[PDB]
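Read the single chain below, which is given as structure tokens and is the form deposited in one PDB entry.
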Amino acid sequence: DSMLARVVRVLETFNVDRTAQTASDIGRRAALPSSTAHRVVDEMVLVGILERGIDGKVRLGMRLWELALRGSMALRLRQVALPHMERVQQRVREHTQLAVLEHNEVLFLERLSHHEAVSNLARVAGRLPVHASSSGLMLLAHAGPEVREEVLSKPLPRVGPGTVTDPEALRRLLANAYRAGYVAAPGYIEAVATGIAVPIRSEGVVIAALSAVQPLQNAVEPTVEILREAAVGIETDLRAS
């Protein structure tokens, strides 16, 4: 019922696949009374958190984008990583992405895509499951015993045809990934794709996963070597900043 709580619920009705809503539809999805929903949306429009387009629909505001991103930890990490990720992207010509753990899910901070690339379900400011993605497996492999036990104790849905949902197999995959310095996950998210992930370290701690998404049929090792090179470059720049 507090204004802040209602404002967060309005923001939560938007998503990766939902850019434009009527203020009525916002009220329904946010469980606000119609009268209240228009008042909250109108106030949020006036301060620029939301915008009305020329089509009259409500969208996340440029002003919100600006205030949320400027000087943010997400932007600072993205700026250090991006030059190296572009060099990966030049060579592999599929997808290059950067992910962190956020409340036991994968959150993507960056995604570069080539024009006719394989399908890719990772979205900037979107999520995928920890157990099912190369990014998640690499991050979970470097998380604490507590976090490993916590994620592996929850119901693990099948995402793609290759998803491993057995806790015992997952522990062994995490062990392999820990030793190898990479994990490939053929078809764990989609039938068409392999995700390949390496760790990004800062002050001896894994803070992110750098990955490629490429066709499942493509060679893994050449992409592993490109990702490892890029990772060293990012770790060098993190040290220097």
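Don't overthink the numbering: it's just position in the shown sequence, from 1.
Keep in mind that the form deposited in another entry is not shown, yet the notes after this line are about it.
K.L.:
Are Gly56 and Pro155 on a single rigid part, or not, between the shown form and the other one?
P.N.:
The answer is no; they move as separate rigid parts.
K.L.:
Are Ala68 and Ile234 closer or farther apart at the Cα level in that other deposited form than shown, by 3 Å or more?
P.N.:
Closer, not farther.
K.L.:
Given that the CA-CA distance for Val100 and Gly71 shifts by 3 Å or more in that other deposited form, does it become closer or farther?
P.N.:
Residues converge in that other deposited form, at least 3 Å closer.
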